[PDB]
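run-v6.cif follows; it contains mmCIF, C-alpha atoms and all ligand atoms.
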```cif
data_target
#
loop_
_atom_site.label_atom_id
_atom_site.label_comp_id
_atom_site.auth_asym_id
_atom_site.auth_seq_id
_atom_site.Cartn_x
_atom_site.Cartn_y
_atom_site.Cartn_z
CA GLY A 3 60.59 163.55 64.15
CA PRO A 4 63.48 164.34 61.79
CA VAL A 5 66.83 165.68 62.97
CA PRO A 6 67.26 169.42 62.20
CA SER A 7 69.84 170.87 59.83
CA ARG A 8 71.69 174.06 58.96
CA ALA A 9 73.83 175.19 56.03
CA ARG A 10 77.59 174.78 56.56
CA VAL A 11 78.09 178.22 54.96
CA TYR A 12 76.25 181.53 54.76
CA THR A 13 74.10 180.32 57.60
CA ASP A 14 72.91 183.56 59.18
CA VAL A 15 73.43 185.83 56.15
CA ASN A 16 69.76 186.89 56.16
CA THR A 17 69.42 187.18 59.95
CA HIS A 18 71.95 190.00 59.72
CA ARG A 19 70.30 191.93 56.96
CA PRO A 20 67.45 194.36 57.63
CA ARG A 21 63.97 192.83 57.51
CA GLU A 22 63.01 194.27 54.14
CA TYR A 23 65.88 192.43 52.44
CA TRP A 24 64.13 189.03 52.64
CA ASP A 25 60.58 189.93 53.80
CA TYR A 26 59.43 190.06 50.22
CA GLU A 27 55.75 189.90 51.15
CA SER A 28 56.03 193.57 52.15
CA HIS A 29 57.96 194.68 49.04
CA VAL A 30 56.03 197.13 46.83
CA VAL A 31 56.68 196.86 43.10
CA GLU A 32 58.10 199.73 41.01
CA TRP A 33 55.93 199.37 37.91
CA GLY A 34 56.77 201.11 34.66
CA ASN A 35 55.58 202.01 31.19
CA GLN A 36 54.57 198.90 29.23
CA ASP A 37 54.40 201.16 26.14
CA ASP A 38 58.20 201.47 25.92
CA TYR A 39 58.54 197.89 24.72
CA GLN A 40 57.23 196.14 21.64
CA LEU A 41 57.25 192.39 21.15
CA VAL A 42 59.21 191.13 18.14
CA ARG A 43 58.91 187.38 18.45
CA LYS A 44 58.28 184.62 21.00
CA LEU A 45 61.32 182.82 22.43
CA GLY A 46 59.74 180.15 24.64
CA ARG A 47 56.98 179.15 27.02
CA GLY A 48 56.61 177.24 30.29
CA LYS A 49 54.15 176.51 33.07
CA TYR A 50 54.78 179.91 34.72
CA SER A 51 55.71 182.30 31.88
CA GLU A 52 56.04 183.16 28.17
CA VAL A 53 59.23 184.87 26.98
CA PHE A 54 59.52 187.29 24.07
CA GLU A 55 62.25 189.09 22.28
CA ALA A 56 61.37 192.78 22.48
CA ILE A 57 62.68 196.25 21.68
CA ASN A 58 62.65 199.25 24.01
CA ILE A 59 61.37 201.97 21.69
CA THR A 60 62.86 204.47 24.14
CA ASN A 61 66.43 203.52 23.20
CA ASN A 62 66.18 200.96 20.36
CA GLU A 63 67.79 198.41 22.72
CA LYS A 64 66.71 194.85 22.19
CA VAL A 65 65.38 193.25 25.33
CA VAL A 66 63.65 190.14 26.69
CA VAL A 67 60.12 190.45 28.10
CA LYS A 68 58.90 187.63 30.36
CA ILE A 69 55.13 187.69 30.82
CA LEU A 70 54.05 186.00 34.04
CA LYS A 71 51.07 183.70 34.25
CA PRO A 72 48.78 183.84 37.28
CA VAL A 73 50.60 183.09 40.55
CA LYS A 74 50.12 184.52 44.03
CA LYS A 75 51.24 188.17 44.25
CA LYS A 76 53.84 187.12 46.87
CA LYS A 77 55.44 184.64 44.45
CA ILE A 78 55.91 187.52 42.01
CA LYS A 79 57.18 189.80 44.79
CA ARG A 80 59.56 186.96 45.67
CA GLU A 81 61.09 186.70 42.19
CA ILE A 82 61.23 190.49 41.86
CA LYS A 83 62.89 190.89 45.23
CA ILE A 84 65.51 188.22 44.65
CA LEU A 85 66.32 189.65 41.21
CA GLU A 86 66.81 193.14 42.60
CA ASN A 87 68.87 191.87 45.54
CA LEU A 88 71.09 189.98 43.09
CA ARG A 89 71.26 192.67 40.36
CA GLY A 90 74.87 193.15 39.32
CA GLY A 91 76.22 189.88 40.70
CA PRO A 92 78.53 187.82 38.48
CA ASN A 93 76.53 186.06 35.74
CA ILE A 94 73.12 186.87 37.20
CA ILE A 95 70.53 187.90 34.63
CA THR A 96 69.77 191.61 35.03
CA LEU A 97 66.20 192.63 35.71
CA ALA A 98 65.76 195.89 33.74
CA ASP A 99 62.12 196.93 34.28
CA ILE A 100 58.77 195.80 35.65
CA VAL A 101 55.63 196.59 33.66
CA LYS A 102 51.99 195.56 33.57
CA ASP A 103 49.72 195.57 30.55
CA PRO A 104 47.10 198.33 31.02
CA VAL A 105 44.05 196.33 29.85
CA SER A 106 45.18 192.76 30.58
CA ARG A 107 46.98 193.81 33.79
CA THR A 108 49.23 190.75 33.52
CA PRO A 109 52.65 191.61 35.01
CA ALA A 110 55.82 191.19 32.96
CA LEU A 111 59.53 191.40 33.76
CA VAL A 112 61.98 193.05 31.35
CA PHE A 113 65.51 191.62 31.21
CA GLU A 114 68.83 192.20 29.52
CA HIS A 115 68.91 190.32 26.22
CA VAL A 116 71.26 187.32 26.00
CA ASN A 117 71.75 185.85 22.53
CA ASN A 118 71.25 182.09 22.63
CA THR A 119 69.63 180.64 19.47
CA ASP A 120 72.57 178.27 18.98
CA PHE A 121 71.93 175.91 21.88
CA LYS A 122 71.19 172.64 20.09
CA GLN A 123 74.44 172.59 18.09
CA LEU A 124 76.46 174.16 20.93
CA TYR A 125 75.19 171.43 23.25
CA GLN A 126 76.97 168.70 21.22
CA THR A 127 80.15 170.54 20.29
CA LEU A 128 81.33 171.82 23.68
CA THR A 129 84.88 170.75 24.31
CA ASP A 130 86.20 169.49 27.61
CA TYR A 131 87.52 173.02 28.07
CA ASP A 132 84.25 174.76 27.23
CA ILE A 133 82.55 172.67 29.91
CA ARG A 134 85.10 173.48 32.62
CA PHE A 135 84.88 177.15 31.67
CA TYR A 136 81.09 177.39 31.65
CA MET A 137 80.82 175.36 34.83
CA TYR A 138 83.15 177.89 36.42
CA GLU A 139 80.89 180.72 35.31
CA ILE A 140 77.85 178.99 36.83
CA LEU A 141 79.67 178.50 40.14
CA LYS A 142 80.53 182.21 40.21
CA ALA A 143 76.79 182.90 40.16
CA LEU A 144 75.84 180.20 42.67
CA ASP A 145 78.51 181.37 45.11
CA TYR A 146 77.25 184.94 44.79
CA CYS A 147 73.58 184.15 45.34
CA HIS A 148 74.35 181.73 48.18
CA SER A 149 76.47 184.38 49.88
CA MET A 150 73.46 186.68 49.31
CA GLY A 151 71.16 184.28 51.20
CA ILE A 152 69.40 182.84 48.15
CA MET A 153 68.81 179.30 46.89
CA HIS A 154 68.07 179.05 43.20
CA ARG A 155 66.25 175.68 43.45
CA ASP A 156 65.88 175.14 39.69
CA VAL A 157 69.45 174.76 38.48
CA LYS A 158 69.38 172.92 35.10
CA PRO A 159 70.61 173.42 31.50
CA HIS A 160 67.57 175.31 30.26
CA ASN A 161 67.99 177.83 33.10
CA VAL A 162 71.45 178.75 31.78
CA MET A 163 71.76 181.16 28.85
CA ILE A 164 75.01 181.11 26.88
CA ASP A 165 75.99 183.42 24.07
CA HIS A 166 79.01 181.40 22.97
CA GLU A 167 80.03 184.06 20.42
CA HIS A 168 80.95 186.27 23.41
CA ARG A 169 81.56 183.45 25.92
CA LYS A 170 78.85 185.10 28.02
CA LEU A 171 76.61 183.18 30.43
CA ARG A 172 73.71 184.22 32.68
CA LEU A 173 71.72 182.19 35.21
CA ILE A 174 67.99 182.78 34.65
CA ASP A 175 64.47 181.97 35.93
CA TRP A 176 64.52 182.88 39.60
CA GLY A 177 60.83 181.98 39.91
CA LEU A 178 61.62 179.05 42.18
CA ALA A 179 64.23 180.70 44.42
CA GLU A 180 63.85 181.36 48.16
CA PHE A 181 65.80 183.01 50.94
CA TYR A 182 67.62 180.64 53.29
CA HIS A 183 66.70 180.96 56.96
CA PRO A 184 68.20 178.46 59.42
CA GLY A 185 65.67 175.99 60.73
CA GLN A 186 63.08 176.83 58.07
CA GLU A 187 61.17 174.02 56.38
CA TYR A 188 60.77 174.44 52.64
CA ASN A 189 58.44 173.04 49.99
CA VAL A 190 59.92 169.86 48.48
CA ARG A 191 58.00 170.33 45.22
CA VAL A 192 60.68 172.34 43.42
CA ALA A 193 62.95 171.87 40.41
CA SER A 194 62.65 169.52 37.46
CA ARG A 195 62.40 165.80 38.17
CA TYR A 196 65.76 164.81 36.71
CA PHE A 197 67.48 167.47 38.86
CA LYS A 198 65.65 167.04 42.16
CA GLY A 199 67.95 166.37 45.09
CA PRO A 200 67.59 163.35 47.36
CA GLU A 201 66.40 165.60 50.20
CA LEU A 202 63.40 166.63 48.07
CA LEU A 203 62.79 163.07 46.87
CA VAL A 204 62.53 161.67 50.44
CA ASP A 205 60.76 164.76 51.79
CA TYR A 206 63.39 166.31 54.05
CA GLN A 207 62.24 169.92 54.25
CA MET A 208 65.09 171.63 56.13
CA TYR A 209 67.39 171.87 53.11
CA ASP A 210 69.65 174.72 51.98
CA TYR A 211 71.95 176.03 49.25
CA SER A 212 73.61 172.61 48.90
CA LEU A 213 70.45 171.65 47.03
CA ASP A 214 71.75 173.63 44.07
CA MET A 215 75.07 171.81 44.25
CA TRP A 216 73.34 168.46 43.67
CA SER A 217 71.59 169.85 40.60
CA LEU A 218 74.89 171.13 39.29
CA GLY A 219 76.26 167.61 39.58
CA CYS A 220 73.45 166.24 37.43
CA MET A 221 74.05 168.98 34.85
CA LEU A 222 77.79 168.23 34.89
CA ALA A 223 77.28 164.48 34.61
CA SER A 224 75.03 164.66 31.55
CA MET A 225 77.50 167.04 29.88
CA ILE A 226 80.57 164.88 30.44
CA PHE A 227 78.96 161.43 29.84
CA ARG A 228 76.74 162.76 27.02
CA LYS A 229 73.71 161.26 28.78
CA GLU A 230 70.65 163.54 29.01
CA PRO A 231 69.13 163.14 31.50
CA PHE A 232 71.71 161.35 33.66
CA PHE A 233 69.21 160.06 36.25
CA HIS A 234 66.31 159.23 33.93
CA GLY A 235 63.47 158.87 36.40
CA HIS A 236 59.91 157.93 35.48
CA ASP A 237 58.55 160.00 38.38
CA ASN A 238 59.58 161.19 41.82
CA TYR A 239 59.77 157.69 43.32
CA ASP A 240 61.64 156.05 40.45
CA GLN A 241 63.99 159.04 40.36
CA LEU A 242 65.29 158.08 43.81
CA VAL A 243 65.48 154.54 42.44
CA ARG A 244 67.60 155.74 39.52
CA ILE A 245 69.96 157.57 41.85
CA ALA A 246 70.31 154.62 44.19
CA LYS A 247 71.32 152.33 41.38
CA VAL A 248 74.33 154.61 40.83
CA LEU A 249 75.15 155.96 44.30
CA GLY A 250 74.21 152.65 45.92
CA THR A 251 71.63 152.08 48.62
CA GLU A 252 73.90 151.69 51.64
CA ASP A 253 74.85 155.39 51.58
CA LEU A 254 71.14 156.14 51.15
CA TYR A 255 69.89 154.32 54.20
CA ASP A 256 72.77 155.86 56.14
CA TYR A 257 71.45 159.25 55.07
CA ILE A 258 67.98 158.19 56.18
CA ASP A 259 69.21 157.04 59.59
CA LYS A 260 71.34 160.07 60.32
CA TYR A 261 68.54 162.58 59.78
CA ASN A 262 65.86 160.22 61.06
CA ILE A 263 63.90 160.67 57.86
CA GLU A 264 60.55 158.90 57.60
CA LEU A 265 60.51 157.14 54.23
CA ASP A 266 57.24 157.01 52.33
CA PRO A 267 56.15 153.34 52.67
CA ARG A 268 55.93 153.34 48.87
CA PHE A 269 59.73 153.18 48.63
CA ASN A 270 59.66 149.91 50.62
CA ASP A 271 59.12 147.77 47.53
CA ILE A 272 61.13 149.72 44.93
CA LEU A 273 64.46 150.93 46.41
CA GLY A 274 66.09 147.46 46.53
CA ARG A 275 69.76 146.76 47.31
CA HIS A 276 72.37 148.34 45.04
CA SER A 277 76.11 148.73 45.25
CA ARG A 278 77.71 152.09 44.52
CA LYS A 279 78.86 152.02 40.92
CA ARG A 280 82.22 153.21 39.64
CA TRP A 281 81.91 156.17 37.29
CA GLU A 282 84.01 154.33 34.68
CA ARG A 283 80.87 152.46 33.64
CA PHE A 284 79.38 155.56 31.98
CA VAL A 285 82.54 156.17 29.93
CA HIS A 286 82.44 155.05 26.31
CA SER A 287 84.35 155.96 23.17
CA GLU A 288 81.97 158.86 22.30
CA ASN A 289 82.26 160.84 25.58
CA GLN A 290 85.76 160.04 26.86
CA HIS A 291 87.24 163.26 25.49
CA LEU A 292 85.24 165.13 28.17
CA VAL A 293 85.98 162.62 30.96
CA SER A 294 89.12 162.84 33.10
CA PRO A 295 90.20 161.93 36.67
CA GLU A 296 89.71 165.55 37.74
CA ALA A 297 86.22 165.68 36.25
CA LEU A 298 85.17 162.44 38.00
CA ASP A 299 86.74 163.41 41.34
CA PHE A 300 84.81 166.64 40.99
CA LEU A 301 81.53 164.90 40.11
CA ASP A 302 81.77 162.42 42.98
CA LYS A 303 82.05 165.26 45.48
CA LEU A 304 78.89 166.98 44.23
CA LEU A 305 76.57 163.95 44.09
CA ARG A 306 76.19 162.90 47.72
CA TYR A 307 72.94 161.95 49.42
CA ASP A 308 74.05 163.85 52.53
CA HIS A 309 73.56 167.49 51.46
CA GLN A 310 75.83 168.59 54.32
CA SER A 311 78.73 166.71 52.72
CA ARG A 312 78.44 168.04 49.17
CA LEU A 313 81.00 170.61 48.00
CA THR A 314 79.99 174.21 48.52
CA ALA A 315 80.15 176.47 45.46
CA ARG A 316 83.31 178.18 46.73
CA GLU A 317 84.80 174.74 47.50
CA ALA A 318 83.80 173.50 44.04
CA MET A 319 85.54 176.53 42.54
CA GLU A 320 88.85 175.39 44.03
CA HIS A 321 88.81 171.82 42.69
CA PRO A 322 91.67 170.72 40.36
CA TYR A 323 89.21 170.34 37.45
CA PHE A 324 89.29 174.17 37.22
CA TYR A 325 93.02 174.91 37.55
CA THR A 326 93.33 175.63 33.84
CA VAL A 327 90.29 177.92 33.65
CA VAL A 328 91.48 179.88 36.69
CA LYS A 329 94.96 180.28 35.21
CA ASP A 330 93.54 182.07 32.17
CA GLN A 331 91.57 184.58 34.21
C1 LIG B 1 61.32 179.69 28.74
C2 LIG B 1 60.46 180.04 29.91
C3 LIG B 1 59.81 178.80 30.47
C4 LIG B 1 61.30 180.70 30.97
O1 LIG B 1 62.20 181.63 30.32
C5 LIG B 1 62.79 182.51 31.11
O2 LIG B 1 62.59 182.57 32.30
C6 LIG B 1 63.73 183.39 30.41
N1 LIG B 1 64.14 184.51 31.09
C7 LIG B 1 65.06 185.19 30.32
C8 LIG B 1 65.77 186.35 30.60
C9 LIG B 1 66.68 186.83 29.67
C10 LIG B 1 66.83 186.14 28.49
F1 LIG B 1 67.73 186.61 27.58
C11 LIG B 1 66.14 184.99 28.17
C12 LIG B 1 65.24 184.50 29.11
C13 LIG B 1 64.38 183.32 29.18
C14 LIG B 1 64.39 182.34 28.16
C15 LIG B 1 63.97 181.04 28.16
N2 LIG B 1 64.32 180.55 26.95
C16 LIG B 1 64.12 179.22 26.40
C17 LIG B 1 65.35 178.14 26.43
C18 LIG B 1 66.57 178.61 27.20
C19 LIG B 1 67.71 177.58 27.16
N3 LIG B 1 68.08 177.27 25.78
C20 LIG B 1 69.27 176.40 25.66
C21 LIG B 1 69.76 175.79 26.96
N4 LIG B 1 70.91 176.54 27.50
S1 LIG B 1 72.35 176.61 26.77
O3 LIG B 1 72.20 175.98 25.49
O4 LIG B 1 72.77 177.98 26.83
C22 LIG B 1 73.49 175.65 27.71
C23 LIG B 1 74.69 175.27 27.15
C24 LIG B 1 75.56 174.47 27.87
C25 LIG B 1 75.24 174.04 29.15
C26 LIG B 1 76.14 173.08 29.89
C27 LIG B 1 76.83 173.64 31.13
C28 LIG B 1 78.29 173.23 31.16
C29 LIG B 1 76.70 175.15 31.18
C30 LIG B 1 74.04 174.46 29.71
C31 LIG B 1 73.16 175.26 29.00
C32 LIG B 1 66.92 176.69 25.09
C33 LIG B 1 65.77 177.70 25.04
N5 LIG B 1 64.92 181.51 26.22
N6 LIG B 1 64.97 182.60 26.95
#
```
Would you mind writing the file's structure down as structure tokens?
Amino acid sequence: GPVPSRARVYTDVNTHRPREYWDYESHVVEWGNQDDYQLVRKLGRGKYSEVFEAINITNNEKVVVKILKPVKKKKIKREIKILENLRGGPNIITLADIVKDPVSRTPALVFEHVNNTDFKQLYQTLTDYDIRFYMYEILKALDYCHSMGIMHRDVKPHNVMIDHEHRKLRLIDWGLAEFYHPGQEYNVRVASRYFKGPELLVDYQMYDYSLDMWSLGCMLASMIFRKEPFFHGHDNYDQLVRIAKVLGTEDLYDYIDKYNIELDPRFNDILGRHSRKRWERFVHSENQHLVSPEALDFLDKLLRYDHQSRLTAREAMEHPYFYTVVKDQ
């Protein structure tokens, strides 16, 4: 069968913590008073939750209430446990309270409020510098959670909340995140299609934090080339097709060899032969003000089939692309 794998960094971080740190199944939830919050207006909805602006009538503080739809109790315990473990880390959304409606009995998480409502315009007026800066803030959060033994597994634009007025950014929706344990085999059905890593697409289950680094690359690429989504895949098979027509197929079959991955016979007829394209081809007159040698050298080191050879968050944070942002701080 397939050749095993381990994270290059933070490998045994959880082995060294006490059991309860990662054994979320045994975590008991500190519920609270659902009557301290009142819903003002709805802010969004998704397959696993509906999000409201709310006010804590205890302190007048405005707040975000995320009402969970039916999942397994352990999935909830998982999100709750990861959020508490990460509370206070750089640019992690703060879980404030945990309440359950008395009659409905649907659980809900209560978070610090981050002012977004600005995204659409902000998305197409970020300067080259804004992008470097906000990418640096994301990496701060990824490095933290990785060092804390946690994969996010759903890195993507909509899971980043930016109040540009206060250059403030939080990484949200930890519903998909797990703890990394060496030699564990994880579910490949995670993350949005356009951001799924090659390991998930070919069904290699012993993946790790470097999965988030791939998704960062896709985020970065669409921002700097002004192409959303970058890898515009019709479904999970054609998404590996779309990657291969940029990264080339030779590096892909090398990846498959090295880890002795068993390709779904479906891919046989659709992966083709494709050379590895030069990034220059995505550069046109309307995005070139966000494209630079440093940005492309950076991008190329995130988007590798071989998850072991992608930049780690800390390593990313040191790349030349970020010299100017680091100099300001
Ligand atoms: C929606 C549910 C399905 C799940 O919800 C939550 O789980 C949730 N949980 C919260 C906790 C606290 C809270 F305060 C809100 C929330 C929310 C929550 C969710 N939505 C909805 C969208 C959130 C993202 N918006 C813009 C995208 N990011 S963006 O513009 O800021 C940007 C800029 C630029 C980039 C480029 C990079 C260089 C950075 C990327 C992203 C669109 C609206 N609203 N609130």
Exercise. Which of these residues is nearest to ligand LIG 1 (chain B), using all atoms listed in the file: A:19, A:169, A:198, A:158?
Worked result: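 Looking only at the distances to ligand LIG 1 (chain B), the closest residue turns out to be A:158.
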Problem set entry | Cut-off 8 Å around (78.3, 171.5, 31.3) with all atoms listed in the file: residues as a PyMOL selection string | chain A and resi 132-134+136-137+159+221-226
For this session: Identify, on the basis of all atoms listed in the file, every residue whose closest approach to residue 89 (chain A) does not exceed 12 Å; exclude the query and any residue fewer than 2 positions from it along the same chain; express the result as a PyMOL selection string.
Result: chain A and resi 81-87+91-99+113-114+143+146-147+150+172-174+176
Problem set entry | For region 267-281 of chain A: contacts at 9 Å, only C-alpha atoms, fewer than 3 positions along chain excluded, given as a list in words |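 Everything that qualifies: residues 239, 240, 242, 243, 244, 246, 247, 248, 249, 250, 251, 252, 253, 264, 284, 285, 298 and 302 of chain A.
Between residue 165 (chain A) and the residues A:115, A:148, A:47, A:183, the shortest atom-to-atom distance, using all atoms listed in the file, involves A:115.
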Seminar exercise, completed: The residue from A:80, A:44, A:21, A:321 with the smallest atom-to-atom distance to ligand LIG 1 (chain B), counting only C-alpha atoms and all ligand atoms, is A:44
Exercise. Skipping near chain neighbours, those fewer than 3 positions away, what residues fall within 8 Å of residue 190 (chain A) using all atoms listed in the file, listed as a ChimeraX atom specification?
Worked result: /A:201-203,205-207
Problem set entry | Using all atoms listed in the file: which of A:88, A:11, A:305, A:70 has the shortest distance to ligand LIG 1 (chain B) |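 That would be A:70, the residue with the smallest distance to ligand LIG 1 (chain B).
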Exercise. If you count only C-alpha atoms, which residues fall within 12 Å of residue 213 (chain A), apart from same-chain ones fewer than 2 positions away, as a PyMOL selection string?
Worked result: chain A and resi 9+144+148+152-157+179-180+182+188+190+192-193+197-203+206-211+215-220+304-315
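Among the candidates A:38, A:135, A:129, A:13, the one nearest to residue 65 (chain A) when counting only C-alpha atoms is A:38.
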Problem set entry | Residue nearest residue 116 (chain A) among A:130, A:282, A:259, A:55 (counting all atoms listed in the file) | A:55
At a cut-off of 8 Å, using all atoms listed in the file, what residues contact residue 101 (chain A)? Leave out same-chain residues fewer than 4 positions from it and give the result as a short mmCIF file (atom, residue, chain, number, x, y, z; two decimals) with C-alpha atoms, in the frame of the given file.
```cif
data_model
loop_
_atom_site.label_atom_id
_atom_site.label_comp_id
_atom_site.auth_asym_id
_atom_site.auth_seq_id
_atom_site.Cartn_x
_atom_site.Cartn_y
_atom_site.Cartn_z
CA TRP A 33 55.93 199.37 37.91
CA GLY A 34 56.77 201.11 34.66
CA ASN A 35 55.58 202.01 31.19
CA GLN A 36 54.57 198.90 29.23
CA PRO A 109 52.65 191.61 35.01
CA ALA A 110 55.82 191.19 32.96
CA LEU A 111 59.53 191.40 33.76
CA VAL A 112 61.98 193.05 31.35
#
```
Exercise. How many Å lie between atom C8 of ligand LIG 1 (chain B) and CA of residue 330 (chain A), rounded to one decimal?
Worked result: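 Taking atom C8 of ligand LIG 1 (chain B) and CA of residue 330 (chain A), their separation equals 28.1 Å.
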Export N, CA, C and O atoms of region 123-137 of chain A from the structure just given, as a compact mmCIF listing (two decimals), in the first residue's frame?
```txt
# COMPACT_ATOMS: atom_id res chain seq x y z
N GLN A 123 -15.90 45.41 -2.58
CA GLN A 123 -15.01 46.48 -3.02
C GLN A 123 -13.56 46.23 -2.58
O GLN A 123 -12.64 46.30 -3.40
N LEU A 124 -13.34 45.93 -1.29
CA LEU A 124 -11.98 45.70 -0.82
C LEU A 124 -11.28 44.64 -1.66
O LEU A 124 -10.06 44.71 -1.86
N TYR A 125 -12.03 43.65 -2.15
CA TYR A 125 -11.41 42.54 -2.86
C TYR A 125 -10.73 42.99 -4.15
O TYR A 125 -9.72 42.42 -4.55
N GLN A 126 -11.26 44.03 -4.80
CA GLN A 126 -10.71 44.57 -6.04
C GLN A 126 -10.24 46.01 -5.86
O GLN A 126 -10.52 46.90 -6.67
N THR A 127 -9.59 46.27 -4.73
CA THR A 127 -8.82 47.50 -4.56
C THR A 127 -7.67 47.28 -3.59
O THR A 127 -7.11 48.26 -3.10
N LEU A 128 -7.35 46.04 -3.26
CA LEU A 128 -6.15 45.74 -2.50
C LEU A 128 -4.92 46.03 -3.34
O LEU A 128 -4.81 45.59 -4.49
N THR A 129 -3.99 46.77 -2.77
CA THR A 129 -2.73 47.01 -3.45
C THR A 129 -1.79 45.83 -3.26
O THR A 129 -1.97 44.99 -2.37
N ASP A 130 -0.76 45.79 -4.09
CA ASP A 130 0.32 44.84 -3.87
C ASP A 130 0.72 44.81 -2.40
O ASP A 130 0.96 43.74 -1.84
N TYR A 131 0.76 45.97 -1.74
CA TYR A 131 1.23 45.99 -0.36
C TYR A 131 0.19 45.41 0.58
O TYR A 131 0.53 44.67 1.51
N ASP A 132 -1.08 45.78 0.39
CA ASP A 132 -2.15 45.19 1.18
C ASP A 132 -2.09 43.67 1.14
O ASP A 132 -2.30 43.01 2.16
N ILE A 133 -1.81 43.10 -0.03
CA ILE A 133 -1.82 41.65 -0.15
C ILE A 133 -0.67 41.04 0.64
O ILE A 133 -0.85 40.09 1.41
N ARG A 134 0.54 41.57 0.46
CA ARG A 134 1.67 41.10 1.26
C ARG A 134 1.34 41.19 2.75
O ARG A 134 1.56 40.23 3.50
N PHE A 135 0.80 42.31 3.18
CA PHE A 135 0.51 42.53 4.59
C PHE A 135 -0.52 41.53 5.11
O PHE A 135 -0.36 40.95 6.19
N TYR A 136 -1.62 41.33 4.37
CA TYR A 136 -2.67 40.46 4.89
C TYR A 136 -2.27 39.01 4.78
O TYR A 136 -2.71 38.19 5.60
N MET A 137 -1.45 38.67 3.78
CA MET A 137 -0.89 37.33 3.72
C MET A 137 0.01 37.08 4.92
O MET A 137 0.01 35.98 5.49
```
